[PDB]
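[1] task: produce atomic coordinates for the following.
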Amino acid sequence: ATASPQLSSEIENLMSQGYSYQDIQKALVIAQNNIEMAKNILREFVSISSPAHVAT
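    Numbers count the residues shown, from 1 in each chain. Shown next is the protein structure:
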C-alpha cells in the first residue's frame with residue numbers, strides 16, 4: 001500500500017541510467033521493494049545496452 005514517491009524515485013534513479021523496468025520490477029521482488037537492494041540487483045544482474053552512461 002501507499003505508493004511512496006521516493007521509493008518509486010529509487011527506481012527512477014537506476015532507470016535514468018538506462019536500466020530496464022522488466023528487471024527493475026524483478027529486482028524489487030527479490031529486494032522486497034527495497035531502495036538500494038533493487039538498484040543493486042540490476043547492477044549485479046541485468047545490463048544496459050544504452051551507450052555512454054557516465055558521459056556527464
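[2] what's the burial count for residue 1?
    Other residues lying near residue 1 total 3 when counted by other Cβ atoms under 10 Å. C-beta coordinates here come from the backbone N, C-alpha and C atoms, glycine included.
[3] separation between it and residue 35?
    As judged by Cβ to Cβ, to the nearest Å, residue 1 and residue 35 stand 17 Å apart.
[4] and what of residue 46?
    Counting by Cβ to Cβ, the gap from residue 46 to residue 35 is 17 Å.
[5] okay, and residue 25 sits in which element?
    According to DSSP states H and E, residue 25 maps onto helix 21-30.
[6] ok, residues contacting that helix?
    Here helix 21-30 makes contact (Cβ atoms under 8 Å, 6 or more residues apart in numbering) with 11, 14, 15, 34, 37, 38, 39, 40, 41, 42, 45, 46.
[7] most neighbours of all those, which one?
    Result: residue 38 is most packed of those (other Cβ under 10 Å), 26 neighbours.
[8] so what's that one up against?
    10, 11, 14, 24, 27, 28, 30, 31.
[9] next one: phi and psi at residue 31?
    For residue 31, the backbone dihedrals (degrees, to the nearest 10) come out as phi -90, psi 10.
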